[PDB]
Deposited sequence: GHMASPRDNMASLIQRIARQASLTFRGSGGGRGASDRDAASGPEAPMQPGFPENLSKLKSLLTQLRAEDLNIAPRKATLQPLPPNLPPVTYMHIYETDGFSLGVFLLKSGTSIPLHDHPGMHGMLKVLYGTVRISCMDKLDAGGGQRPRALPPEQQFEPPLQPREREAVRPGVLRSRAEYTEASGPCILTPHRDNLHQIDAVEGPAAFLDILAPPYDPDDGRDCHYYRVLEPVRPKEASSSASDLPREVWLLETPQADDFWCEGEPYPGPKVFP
């Protein structure tokens, strides 16, 4: 057989996908990465499925760094029971993720964009609970709530591109869950490529209003060591 570990493979293919007979192009490369990810079971990373009140000093979610180049990041997000990763964007990024244990809800949205043929400004009479300050009203943007399914390790991988399902919210459902995440290019808060947060305003794909909000006071994510086979 003589092959590298499945995680070494994924990392190879993510590098090929995001940087003599003709080699793959972007679509075939993205479909193969998707293929490699679907096979990924929790035990291939030596991730024991977790289960089971948390002290205000304990992170609601944790992160295991597997690998990072300028083309992609590769890691695992792990949500303790009841937590959730708030609604955030991925500015100009592709992304793939694969739930390893437990279950999650993902809600996939997008801000309307006149490049896709849709027409984006808020009616001034529009009213929401809670009401909106002046600086807030100037910052709301139209979006679309595309999906809200909940996924388990049986489901396929979840994909995102610069222009679709680029905003999402992950809720740990019925206990703790964890997922492998690929992001390309990786975030860079120093290169003006940050992870921005949003809430949906409250006055079946529907036009919704989104507001950008700071990172929630009680949401943070901490490193924790990675038990699986090492990359390269």
Q: Walk along the deposited sequence from position 1 and note every stretch that has no C-alpha coordinates.
A: 1-7, 27-44, 78-80, 149, 233-244, 274
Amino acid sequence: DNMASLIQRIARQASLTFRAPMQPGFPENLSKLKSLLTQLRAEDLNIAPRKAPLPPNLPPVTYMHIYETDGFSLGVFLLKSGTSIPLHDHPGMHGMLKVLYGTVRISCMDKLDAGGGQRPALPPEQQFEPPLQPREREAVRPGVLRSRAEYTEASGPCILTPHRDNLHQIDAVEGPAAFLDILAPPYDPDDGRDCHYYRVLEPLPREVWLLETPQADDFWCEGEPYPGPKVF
From here on, numbers count along this sequence of modelled residues.
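Take the two forms, superpose them, and find the largest set of C-alpha atoms that agree within 1.5 Å; that set is the rigid core.
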Q.
Using the rigid core for superposition, please say which stretch has the greater CA deviation in 7 other deposited structures of this protein, 184-192 or 35-43.
A. 184-192
Q.
If the other structures are each fit on the rigid core, which stretch ends up farther away in C-alpha terms in 7 other deposited structures of this protein, 164-172 or 55-63?
A. 55-63
Q. Is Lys111 missing in a third or more of the other PDB entries that were compared?
A. no
Q: For the higher mean C-alpha B factor in the entry, choose 123-131 or 72-80.
A: 123-131
Q) Whose CA atom has the top B-factor in the entry, of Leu167, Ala184, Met64, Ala172? A) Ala172
Q. Taking the entry's C-alpha B-factors for this chain, is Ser31 in the lowest, middle or highest third?
A. lowest
Q. Ranked by Cα temperature factor within the chain, is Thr161 in the lowest third, the middle third or the highest third?
A. lowest
(Q) Considering every modelled residue of the chain and its Cα B-factor in the PDB entry, is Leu87 in the lowest, middle or highest third? (A) lowest
Q. If you rank every modelled residue in this chain by C-alpha B factor, which third holds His196: lowest, middle or highest?
A. middle
Q) Taking the entry's C-alpha B-factors for this chain, is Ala149 in the lowest, middle or highest third? A) highest
